[PDB]
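Quick setup: one chain, the form deposited in one PDB entry, written in structure tokens, and binding and motion questions come after.
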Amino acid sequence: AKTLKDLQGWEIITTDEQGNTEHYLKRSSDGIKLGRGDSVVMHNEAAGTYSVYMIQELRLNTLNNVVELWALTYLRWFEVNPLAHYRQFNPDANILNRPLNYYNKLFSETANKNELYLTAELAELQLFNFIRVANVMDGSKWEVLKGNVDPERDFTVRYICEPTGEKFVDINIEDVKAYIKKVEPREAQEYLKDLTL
């Protein structure tokens, strides 16, 4: 009950320096390149809005050109637990007098809607849902970028957390990207998941 579809427009590239084991997909038309550590804006039918990921691994087949694109899932502002955030970042968090809608509003109207949150949850991606390359950066770089931010592709990450939007832990996204494209998939994914346990 399976069929083989051709990944139109894409082409696999094998290297170390170049050559005909390291891998990364390249798109013929514009030539964009996707490999471990790159972040991408993807179409998410169920959610009715985009989701951003960081390519974790490119599982390829030695026999045929079958590719599987796997990646770490980011959370966008609206997937953060509003009460958890307030309790962990607000100065006088002991007082939670107000109705849930109030915290929803507070967070939504003061959050950087382009600040993502890393998570260790992997998801397989389908190329036809690929929208554009995402620029995920550190707060320092994000500061220099203000006034020239392209909300369609520019994002900043300072924490990693649980898929539920709790337990925020500091990270240097650049160090994470560097790390991810260094070690082996399972290793990186295991470590990334133990930072919030």
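Here the rigid core means the biggest group of C-alpha atoms that line up within 1.5 Å when the two forms are laid on top of each other. Residues that one form lacks are left out of the comparison. Residue numbers here begin at 1 and follow the sequence given.
Omitted here: the form deposited in another entry. The next part is about that form.
In a rigid core superposition between the shown form and the other one, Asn65 is the single residue of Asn65, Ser140, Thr164, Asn129 whose Cα is displaced by 2 Å or more. After superposing the rigid core, the C-alpha of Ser108 moves by less than 2 Å between the shown form and the other one.
In contrast to the form presented, in the other form the C-alpha positions of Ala123 and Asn64 draw closer by 3 Å or more. Look at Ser28 and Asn65: in the other form their Cα atoms move 3 Å or more farther apart than in this form. Comparing the conformations between the shown form and the other one, with the rigid core held fixed, yields the displaced runs 16 to 20, 61 to 65, 90 to 92, 94 to 96, each spanning 3+ consecutive residues whose C-alpha shift is 2 Å or more.
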